[PDB]
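# Per-entry structural report
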Amino acid sequence: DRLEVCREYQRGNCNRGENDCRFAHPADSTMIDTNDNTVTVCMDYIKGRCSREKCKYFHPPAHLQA
Ligand SMILES: [Zn+2]
Ligand SMILES: [Zn+2]
């Protein structure tokens with residue numbers, strides 16, 4: 001899974017906010033591919049199985065997985 005990052009979020013301008021927005025709002029420490037502005041998803045998280053203390057892969061909220 002490779003999710004499109006919210007360009008408005010990246011420039012400090014997302015008026016929808018993270019909860020509503022259907023694009024990714026990744027943390028500054030999260031792996032991002034600058035070639036296409038996507039974040040590769042943590043597949044463990046999708047299954048409720050990510051127990052890593054500091055995972056560097058995007059954990060998509062429920063409304064993005066929908
Ligand atoms: Zn957004
Ligand atoms: Zn994870």
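Basis of the calculations
- Residues numbered from 1 in each chain as written, not as in the entry; some residues may be left out.
- Chains lettered and ligands numbered in written order.
- Heavy atoms only, no water.
- Helix = DSSP H or I, 4+ residues; strand = E, 2+ residues; numbered from the N terminus.
- Rg over C-alpha atoms; globule rule 2.2 N^0.38 Å.
- Buried < 20%, exposed > 50% of the residue type's maximum accessible area, 1.4 Å probe, protein only.
- Contact = heavy atoms within 4.5 Å.
- Donors = N, O, S within 2.8 Å, 3.2 Å for Na, K, Ca; no water.
- Tetrahedral: all angles 85-135°; square planar, octahedral: opposite > 155°, others 65-115°.
- Salt bridge = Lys/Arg side-chain N within 4 Å of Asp/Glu carboxyl O.

Method information in the entry identifies X-ray crystallography as the source of the structure, with 1.50 Å recorded as the resolution.

Per the PDB entry, the protein chain is named Muscleblind-like protein 1, and its organism is Homo sapiens. This deposition appears in the PDB under the title "Crystal structure of MBNL1 tandem zinc finger 3 and 4 domain".

## Quick look at the overall build of the protein chain
Helix and strand counts for the protein chain stand at three helices and two strands. Start at the N end of the protein chain and walk to the C end: the helices and strands fall as β-α-β-α-α. Taken against the 2.2 N^0.38 rule, which gives 11 Å for 66 residues, the C-alpha radius of gyration of the protein chain at 12 Å falls within 12% of a compact globule. Projected onto the principal axes, the alpha-carbon positions of the protein chain cover approximately 30 × 25 × 20 Å. The buried share of the protein chain, reckoned over its 66 residues, is 26%. When contacts within the protein chain are restricted to residue pairs at least 6 apart in sequence, long-range pairs at least 24 apart make up 47% of them.

## Observations concerning the coordination of the zinc ion (ligand 1)
Donor atoms from the polypeptide that coordinate the zinc ion (ligand 1) comprise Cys6 (SG), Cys14 (SG), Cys21 (SG) and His25 (NE2), at 2.0 to 2.4 Å from the metal. Read in sequence order, the donor residues coordinating the zinc ion (ligand 1) give the pattern C-x7-C-x6-C-x3-H.

## Quick word on the coordination of the zinc ion (ligand 2)
Six octahedrally arranged donors around a metal ideally form angles of 90 or 180 degrees; four tetrahedrally arranged donors ideally form angles of 109.5 degrees. Around the zinc ion (ligand 2), the protein contributes the donor atoms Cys42 (SG), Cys50 (SG), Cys55 (SG) and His59 (NE2), which lie 2.1 to 2.4 Å from the metal centre. Bound by four donor atoms, the zinc ion (ligand 2) shows angles of 104 to 113° at the metal and therefore tetrahedral coordination geometry. Judged by relative accessible area, which is 22%, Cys55 ranks as partly exposed.

## Focus on the pattern of salt bridges
Counted according to the given criterion, the structure contains three salt bridges. Here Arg11 ties to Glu8 by a salt bridge, and the two come within 2.8 Å at their closest N and O atoms. Each of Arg2, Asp33 and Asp36 takes part in salt bridges that share partners, so that together they form one network.

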